[PDB]
Amino acid sequence: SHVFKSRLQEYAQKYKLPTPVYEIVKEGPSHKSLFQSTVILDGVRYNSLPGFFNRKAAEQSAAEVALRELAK
């Protein structure tokens, strides 16, 4: 998904917070791995959906979750 990581970075910078950092979790068969990510921003942890096929897709999902929650 194209744009969630960059939108979250812009948010971080606007609000004087460190660049979001991503934890990447990998599981399953070595060549059918599944990925989940947690983004950490201003101390707060936001979790992606499970079951992505690569780290970037997971990270984007985590950033999406973060953005949605920051708006509530």
note = Inside the range 41-72, the number of residues satisfying the requirement of being closer than 16 Å to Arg7 by Cα, among the hydrophobic types (A, V, I, L, M, F, W, C) and in contact with a helix residue (DSSP H, G or I) (Cβ under 9 Å, 6 or more places away or on another chain) is 7
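On the phi > 0 side of the Ramachandran plot, among the basic types (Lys, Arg) and out of contact with any strand residue (DSSP E or B) (no Cβ under 8 Å at 6 or more places or on another chain): which single residue out of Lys16, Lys56 fits that description?
When all the criteria are applied, what remains is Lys16.
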task = Return the residue satisfying two criteria in turn: it lies in the range 10-34 and is under 11 Å from the mean Cα position of the chain (by Cα) and of a type outside the set (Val, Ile, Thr), and of such residues it is farthest from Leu70 (Cα to Cα).
result = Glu23
note = Of those in the range 39-54 that are in contact (Cβ under 8 Å) with a residue 12 or more places away in the chain and of a type outside the set (A, V, I, L, M, F, W, C), the residue surrounded by the most Cβ atoms within 10 Å (Cβ to Cβ) is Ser48
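With within 11 Å of the chain's Cα centre (by Cα), among the aliphatic types (A, V, I, L, M) and buried (at least 17 other Cβ atoms within 10 Å of the Cβ) as the only criterion, which of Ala57, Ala66 stands out? It would help to see each step written out before you state the result.
Numbers: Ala57 fails: buried (at least 17 other Cβ atoms within 10 Å of the Cβ).
Only one candidate passes the filter, namely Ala66.
For the range 1-24, which positions are among the charged types (D, E, K, R) and within 15 Å of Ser48 (Cα to Cα)?
First, the residues of the range 1-24 that are among the charged types (D, E, K, R): 5, 7, 10, 14, 16, 23.
The answer is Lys5, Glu23.
The numbers here are math on the coordinates, done by the rules we state, and not lab data. Note that we place each Cβ from the backbone using ideal geometry, even for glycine, and neighbour counts take in every protein chain shown.
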